[PDB]
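All remarks here apply to the structure that follows.
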Amino acid sequence: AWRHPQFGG
Amino acid sequence: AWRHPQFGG
Amino acid sequence: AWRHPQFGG
Amino acid sequence: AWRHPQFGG
Amino acid sequence: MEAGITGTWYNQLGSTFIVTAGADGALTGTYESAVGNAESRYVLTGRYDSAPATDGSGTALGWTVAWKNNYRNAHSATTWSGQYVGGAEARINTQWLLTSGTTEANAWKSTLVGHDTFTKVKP
Amino acid sequence: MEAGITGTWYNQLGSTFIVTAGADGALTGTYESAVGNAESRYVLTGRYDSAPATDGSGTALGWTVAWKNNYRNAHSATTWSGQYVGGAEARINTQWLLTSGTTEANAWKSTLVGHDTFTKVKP
Amino acid sequence: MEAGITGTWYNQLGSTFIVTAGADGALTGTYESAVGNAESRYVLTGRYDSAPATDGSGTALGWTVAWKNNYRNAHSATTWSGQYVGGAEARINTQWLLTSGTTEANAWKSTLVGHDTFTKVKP
Amino acid sequence: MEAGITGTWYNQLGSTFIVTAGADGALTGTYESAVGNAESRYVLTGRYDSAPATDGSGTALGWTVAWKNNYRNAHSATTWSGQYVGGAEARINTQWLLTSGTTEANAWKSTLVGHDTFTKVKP
């Protein structure tokens, strides 16, 4: 759900 | 998160 | 090796 | 085709 | 035609896959991750190689289940891709892709990957 | 029902995907990796979410093609798993699994993975 | 050794991949999905074919990033598997697997799959 | 740090994975699909979550092996993505992607997908 760091999260 | 139906959810 | 039909083979 | 080293090749 | 595909298959999680292999290469049936539970029952359609090599190679096949029935809609679909291997210990080895409908920003988490092995004997 | 799925789709390699989306959630059609070439034409069947979320999420779907027709048999099957995204630039984004029938010893090389993007406009 | 791998690469989402290709076949560097943002920076390690075929084939490679740094821990790891293709439009085409640490019951949703294309030119 | 990862692991095919888990989150070691056979031995590097959740979730990790050593070059690389699950029956469950260097026309068959389960006990 929450923006994973791989995708700019 | 919630049990998807594929897995007995 | 040989062109599979999925790829125009 | 030939046994790739990953699989004991 | 592929003789031993038609019938009831079970994965290692308890799910039941009931399929009919048509002479035309059509796979038709239902998937239920529960015990005869109607709310857990979904329609499946697929295709299989109806004239496989005779050299002992397996029979390639694939099917899809959209996770929507009269009781629920999980806005997702799973495709299983694999092969049937006959014998006393018949089995269908597969790899699957479960895609959920997402917005553009959430597309990175749209697809899960896993694998399943089905046998003709209960779990 | 999913309005804009029925029709002709093209991937970036030239392949043509012709499909009819049934009100029941059924996908039926043909896949041809050539130009109206009958020997390159194969039957496909799949399923799609016929009542997708309205929040802008895509429409999950999946289909299978067994690579056998009246001219050839490649002893393999491909399943595409993905979602339909409507709009002026409609597109079906997918990930696929191509499994070939193999012997037990050769099972390690049975499944290839890749991805395809289909649009309604020629290649 | 593979001459043109060392350097800065960008995917289509904005992420930056900074890598050094060792003569030994070692890939070492950092991945940042932001603009020089230290909290978005993670360590990567991988391997590549240091003596690729000369026939125009690409250079196979792979790397892993565990999503934990001094500012955050996402309890997950991503592996990218692909190949480097040289030329004026150099590019690294990959497929990735993002696995999250889960409990046994939640293992079905542990792994996501996708693909990325990196170029040497800004986004 | 992840206590029980360092050591010798075996997959179900006989392959041996020897790894050292660094306090920094580094995985370093060798993969051999044979019995102490030097020509079958390849270097691996990866990363793992060195501070996993304590709630019983597994420890995410990933590693890469480029298939080139002093005896052979298969012009390919495999990345394994998965998680470590401790206990009396410790195991590392993974999914892998094997990419071979190909020409542009042959890129469709560049990547194979599969899965492996490693245990600390011989095959």
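Below, chain A is the first sequence line, B the second, and so on; all start at residue 1.
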>> Does F/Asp55 have more than 12 heavy atoms from other residues, nucleotides or ligands lying within 6.0 Å of its CG?
In response: yes
> Of all heavy-atom pairs between E/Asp49 and E/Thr59, which one has the smallest distance, and what is that distance?
Replying inline: O-CG2, 3.4 Å
> So which of E/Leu97, E/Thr103, E/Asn93 has the biggest tally of heavy-atom pairs under 4.5 Å with chain F?
Replying inline: E/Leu97
> Taking E/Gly58, E/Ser110, E/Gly56 one by one, which has the highest count of heavy-atom pairs under 4.5 Å against chain F?
Replying inline: E/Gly58
> In a check of ring pair (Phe, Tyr, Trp, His ring centres under 6.0 Å) between F/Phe17 and each of F/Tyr42, F/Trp63, F/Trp80, F/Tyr31, which one passes?
Replying inline: F/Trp63
> Is any side-chain heavy atom of F/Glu32 closer than 4.5 Å to a side-chain heavy atom of F/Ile18?
Replying inline: yes
Top of [options] for chain E proximity - count of heavy-atom pairs under 4.5 angstrom:
options                             : answer
F/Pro52, F/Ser76, F/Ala107, F/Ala51 : F/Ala51
F/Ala66, F/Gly46, F/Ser57           : F/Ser57
F/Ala26, F/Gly82, F/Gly25           : F/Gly82

Tell me, for [X] versus chain E, whether the close heavy atoms (under 4.5 Å) come from the side chain, the backbone, both or neither.
X        : result
F/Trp96  : backbone
F/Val113 : neither
F/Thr94  : neither
F/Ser100 : backbone
F/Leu61  : backbone

Under a 3.5 Å threshold, yes or no: a donor from one side chain and an acceptor from the other, between [X] and [Y]?
X       : Y       : result
E/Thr79 : E/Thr64 : no
E/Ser33 : E/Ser15 : yes
E/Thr99 : F/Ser81 : yes

